[PDB]
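Just the one chain here, the form solved without retinal (RET), laid out as structure tokens.
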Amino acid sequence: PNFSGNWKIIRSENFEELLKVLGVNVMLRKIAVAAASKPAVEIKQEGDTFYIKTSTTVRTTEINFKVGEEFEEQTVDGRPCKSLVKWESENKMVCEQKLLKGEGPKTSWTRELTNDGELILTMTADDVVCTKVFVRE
């Protein structure tokens, strides 16, 4: 699979609820939802090595990881975590997250490519699942 490119969002389902079960207050959820309505996602993939930059109106996040190697990032609610990505199948990577400090709902994410060239991002927090779908610019 080849994830490299600049990606634009085309579908988003259940993002507010994801924040809500992570205990994010109404004010910040409403802001966050609007801020993330038209993000910029840049991915540079070199084999199993990934650079992913996600930008909203007010936030920018850059992660750098290799599949199979632990790295640090933040949960969707902004808590620092140790993450580990594995390939579940050819075109689909799954990430388990462990908080660096404290405890909280179990969070994870997945990214996968479809034959039609869509990138599907799933984020979970306990039993709440948020799906976002992107296409290349």
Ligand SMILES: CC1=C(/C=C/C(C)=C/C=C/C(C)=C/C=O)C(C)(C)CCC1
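So that there is no doubt, residue numbering starts at 1 and follows the sequence shown.
Below, we turn to the form deposited with retinal (RET) bound, even though it does not appear here.
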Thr54 near retinal (RET) in the bound PDB entry, any heavy atom under 4.5 Å? yes
### Message
Considering non-hydrogen atoms and a 4.5 Å limit, does retinal (RET) approach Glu70 in the bound PDB entry?
### Response
no
- Partner proximity in the bound PDB entry: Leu100 to retinal (RET), non-hydrogen atom cutoff 4.5 Å: no
Worksheet entry | Non-hydrogen atom contact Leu84 with retinal (RET) in the bound PDB entry at 4.5 angstroms | no
Picking from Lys106, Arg59, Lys44, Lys92, the single residue whose non-hydrogen atoms come within 4.5 angstroms of retinal (RET) in the bound PDB entry is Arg59
Near retinal (RET) in the bound PDB entry, with a heavy atom at 4.5 Å or closer, the residues from 117-137 are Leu121, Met123, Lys132
